[PDB]
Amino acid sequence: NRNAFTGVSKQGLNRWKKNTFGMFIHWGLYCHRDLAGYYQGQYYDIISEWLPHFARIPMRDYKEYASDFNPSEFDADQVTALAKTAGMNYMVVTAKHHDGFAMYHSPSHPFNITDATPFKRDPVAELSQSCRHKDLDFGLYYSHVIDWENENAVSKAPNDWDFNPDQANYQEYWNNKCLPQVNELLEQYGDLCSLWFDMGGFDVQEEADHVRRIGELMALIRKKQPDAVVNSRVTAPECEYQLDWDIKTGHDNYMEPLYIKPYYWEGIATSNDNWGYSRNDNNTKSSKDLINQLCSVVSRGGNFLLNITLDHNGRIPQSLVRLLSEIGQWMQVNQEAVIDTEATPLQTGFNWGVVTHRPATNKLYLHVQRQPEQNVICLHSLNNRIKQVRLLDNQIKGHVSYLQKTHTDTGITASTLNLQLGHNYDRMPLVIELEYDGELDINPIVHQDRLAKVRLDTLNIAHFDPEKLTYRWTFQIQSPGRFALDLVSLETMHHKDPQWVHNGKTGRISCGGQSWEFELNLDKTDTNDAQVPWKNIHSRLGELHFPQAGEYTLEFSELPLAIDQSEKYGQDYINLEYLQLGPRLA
């Protein structure tokens, strides 16, 4: 029902689609030399942004930190150059977070970095100016619902240490601080690619009041920044159908199921365990992991935002300069396989990586994230002739050979790529560009591969009914026998303590006239190339007998599987990566 609202301009949405990959910046007073996850010399296990709320810092005391906040080495050109180095095409910056501190010159409010600190500079102005000079699209985040500085801004996370939530008049916060500050953002910094919001569901006012205010907010944004993309976290999921917005937001860090969503969305990741600068955080993610997550999101049809920060001196931490420089060196070679590409059209995933699509030039990009088993990639859904394959990176030593065989009995084309190379997937993934002849022609088949394996995943599923808890795949066996059946499911729970929560759960398999109950056990752990740090857990369910070649149907039942949407914390649904049939000693 997006067509029922004004919406972003066509040219604004097309700019966002082409851009693909962006930077997020969380930076504020919470990055102070004496804060950044510490308070009064004590470490708190909390993201920096939430330390004022977790440690209940009286605002009279919190505001005193502004008096010696001077990030004197801040350099907007250094920040935008690092975004461009990384191969990012847009940046979104926190103008005001939950702490209520404006990281820009706010005429309406004195609690702002230009007026209240010895910095005496507007970093949002400097970044917007640098972005204009370097043709990088520039957007802003504003914490519209949560504000711990304003005595009226009551929410589900109230400042109940300085103020009494019962005495709040939310409309006064809204008229006196929220709307004047949003107007400043819409007027002071030129054309905005994005206006970004979160915690829309933390509004404790009546639904009708929320809907009226968000409607008015959105109308103001379309009027003053008609080309700006807005995310649905501006509200709660149950009010999305009532309100204007352009795109959704995926989980923080946790990878969406392999499923093409019927809406536009960004995935979003941290570069470490925190958002804004956290003094003790030495858990910097690898370039390899974040490239794999970028490619995995674009294979699903999403945009992707990677968050960075700056320390209290206004320096980008060296580990994040190194990280984005390493991503950049990869993007310089491989960006055409990621930026402005479409989601996989193959109607199946693969254990070895993911696929993106450039239909205008008849290209499929195979993102090889781990060594394919025996150096072979098997396709059965591609009907087109392959004109050629090439490594995008001409410094990789070796060659990709391929065969295509059209089986005259089934009409199925078996395409087999043979990787003759010696690449270290631990350092970075590699891209094979496959050019196909004619308009892309795919048949949604699930087929046993060269190594006698069948992958059943969230993309190639035939039928699912979350009410009846039934999940069905139909697939072709070319090599009969007795094969092991494994469920590969994900860890969940918080990124600093990932856990697999499904021990002892019972369900059923039915296939090829065989039917039995299994009990899930943690049989094996493995890295999941698209997730950090959540791992794959393998549970051996049992054995299926395929006495001859032909078509079989397998039904998983009596246990819920997350197919088209997943939860990070709730434990009723099992987050499916895939079910595998294969050689019982592989």
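Numbers for residues come from their place in the sequence shown, where the first is 1.
Checked against the record, the higher mean CA B factor of 454 to 462 and 207 to 215 lies with 207 to 215. With 418 to 426 and 81 to 89 compared on mean CA B-factor from the PDB entry, the stretch scoring higher is 418 to 426. The maximum CA B-factor among the listed residues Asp147, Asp289, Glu266, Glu187, taken from the PDB record, is found at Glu187. Annotation for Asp160, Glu491, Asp273, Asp311: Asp160 ranks highest, by Cα B-factor. Among all modelled residues in this chain, the alpha-carbon of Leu13 has a temperature factor (C-alpha) in the highest third.
In the PDB entry, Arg60 places in the highest third of its chain by CA B-factor.
In the deposited entry, the Cα temperature factor of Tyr259 places it in the middle third of its chain's modelled residues. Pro317: CA B factor in the middle third of modelled residues in this chain (values from the PDB entry). Sort the chain's modelled residues by C-alpha temperature factor and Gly507 lands in the middle third, per the entry.
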